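Here's the structure, in structure tokens; my notes come after.
Since every read-out is calculated from the coordinates, none of them should be taken as a lab result. When we count neighbours, we look across all protein chains shown, and the Cβ atoms used for this are built from the backbone with ideal geometry, even at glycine.
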């Protein structure tokens, strides 16, 4: 029968990221934009994230992104 | 668990970077 497919970012979650301006204040940090840009070019996304769960700047911006997409 | 949380996180990184949220130019 039917199954879940929720491992893709939705149009409503995309809208809530781009229209939230408090998120943009966190992304304007030059240390965040460099690590976000290097992340997508990496071949091991899970291995890259496991280096940033330990970082107090990258954890705080991730926590705000992860709140914004859960607050649908 | 971390592995279910990361799948939503990484598709947010890949959207934010493609639309260049931090770059006004």
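Relative to one another, the C-alpha centroids of the stretch A:22-72 and chain B are positioned 7 Å apart. Taking every residue in A:49-62 and counting other chain Cβ atoms within 10 Å of its Cβ, the average works out to 1.
How do the peptides A:51-59, B:13-21 rank, highest first, by the average count of neighbouring beta carbon atoms within 10 Å per residue?
Details: A:51-59: 12.3, B:13-21: 16.4.
Highest mean packing first, the order is B:13-21, A:51-59.
In a fully extended conformation the segment linking residue A:50 and residue A:24 would gain 7.0 nm over its present Cα-Cα distance, using 0.36 nm per residue. The mean sequence separation of alpha-carbon pairs under 8 Å and at least six residues apart, normalised by the residue count of chain A, gives a relative contact order of 45 percent.
Output the direction-averaged projected area (hull surface divided by four) of the convex hull of the alpha-carbon atoms of chain A, in nm². Before the final figure, lay out the partial values.
On the way: hull surface 24.8 nm².
Dividing the Cα hull surface by four gives the mean projection, 6.2 nm².
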